[PDB]
Amino acid sequence: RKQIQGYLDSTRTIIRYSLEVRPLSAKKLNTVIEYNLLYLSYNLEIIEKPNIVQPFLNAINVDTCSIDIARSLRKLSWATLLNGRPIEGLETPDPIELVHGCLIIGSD
Amino acid sequence: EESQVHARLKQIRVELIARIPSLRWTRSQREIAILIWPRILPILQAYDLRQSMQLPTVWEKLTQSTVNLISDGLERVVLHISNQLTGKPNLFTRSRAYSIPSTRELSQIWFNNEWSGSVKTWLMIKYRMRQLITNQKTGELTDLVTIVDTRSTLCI
Amino acid sequence: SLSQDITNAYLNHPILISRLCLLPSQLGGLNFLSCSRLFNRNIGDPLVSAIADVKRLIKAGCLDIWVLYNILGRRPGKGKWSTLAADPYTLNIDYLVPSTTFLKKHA
């Protein structure tokens, strides 16, 4: 049913018709209008200053493999939903960081 | 009929007549030429409202100052990527080595190129026109005419 | 907007603009092109690639390690069981989906 509902075109004219026949609420109107400002304000909490973080995060470094950091980040992000249970079957090595290439030229 | 549309167009007409008195000259006895879109192509560089316009300037300085803080880091990023993927530091610069444009150079030649002044002027024109269209659709029906009156380039 | 505090905070500090623009999209930024995307069209898990690019920027000097710590220590957003399964590889980070998709879904 979700797929069939996603079969709809969602065109500018269709969106205008939907907004006309089914008007948004005032709060929804305001959030759609100021999504950009809200998104920037949301980022302001991470791209402004070093926040006080839990201490076990000091184990993660720039040298840690991206897969380990992805595991930790997904475990911490969905912590309210999953209550510490792990997420499996998702992570795949990054192509550039996985390979340690070497180009052989002549006598090399 | 269409009283508001005629009000706005008559306002634009009287302003055009006031700024350029020679526009009243009929029978094409004036030296002013009225050109439809396809015939204004070799003049688009001349329509520049550099003065009485500050938003494109602030945009350019902001973009320059933001780019200047990451150019050397991005060069190091691509250097490390090449060093990991080949073991040599000239993976990306082999064909060109000439001049290797960094992000700072890219910003400088995007903003200092030709058509840069034209693209800032027309970005301002489009921004103002869209603001006026939004105001008209809402129903303000006041101050719906914008005059920049820049020297050598009058735009309404 | 009546309040311009956010726009002034971003305008008066270009370092914030640079940090946001270099941050990968999956982590809440606007950098939708990954370093691995230069070579591979098929990316697999995009969060691992985003973390790798964050590491590259941190070690070069574009970003800072405290940005990574802030992202790791970020307070979980407003996610449900439907959001973890509708689009995997995604984090419980608010405002990750644009208002364009919201308008399409509303229509």
# chains A, B, ... in the order shown; residues from 1 in each chain; ligands from 1
call {"tool": "interface_residues", "arguments": {"of": "chain C", "to": "chain A", "cutoff": "7 Å", "atoms": "only C-alpha atoms", "output": "count of residues only"}}
result
31
call {"tool": "interface_residues", "arguments": {"of": "chain C", "to": "chain B", "cutoff": "7 Å", "atoms": "only C-alpha atoms", "output": "PyMOL selection string"}}
result
chain C and resi 14-15+17-18+56-57+60-62
call {"tool": "interface_residues", "arguments": {"of": "chain A", "to": "chain B", "cutoff": "7 Å", "atoms": "only C-alpha atoms", "output": "list in words"}}
result
residues 100, 101, 102 and 103 of chain A
call {"tool": "atom_distance", "arguments": {"atom1": "CA of residue 130 (chain B)", "atom2": "CA of residue 156 (chain B)"}}
result
13.7 Å
call {"tool": "select_by_dssp", "arguments": {"residues": "region 92-155 of chain B", "states": "helix (DSSP H, G or I)", "output": "PyMOL selection string"}}
result
chain B and resi 103-111+116-138
call {"tool": "closest_residue", "arguments": {"among": "B:28, B:3, B:90, B:121", "to": "residue 57 (chain B)", "atoms": "only C-alpha atoms"}}
result
B:121
call {"tool": "atom_distance", "arguments": {"atom1": "CA of residue 3 (chain C)", "atom2": "CA of residue 30 (chain A)"}}
result
13.4 Å
call {"tool": "atom_distance", "arguments": {"atom1": "CA of residue 12 (chain B)", "atom2": "CA of residue 146 (chain B)"}}
result
9.3 Å
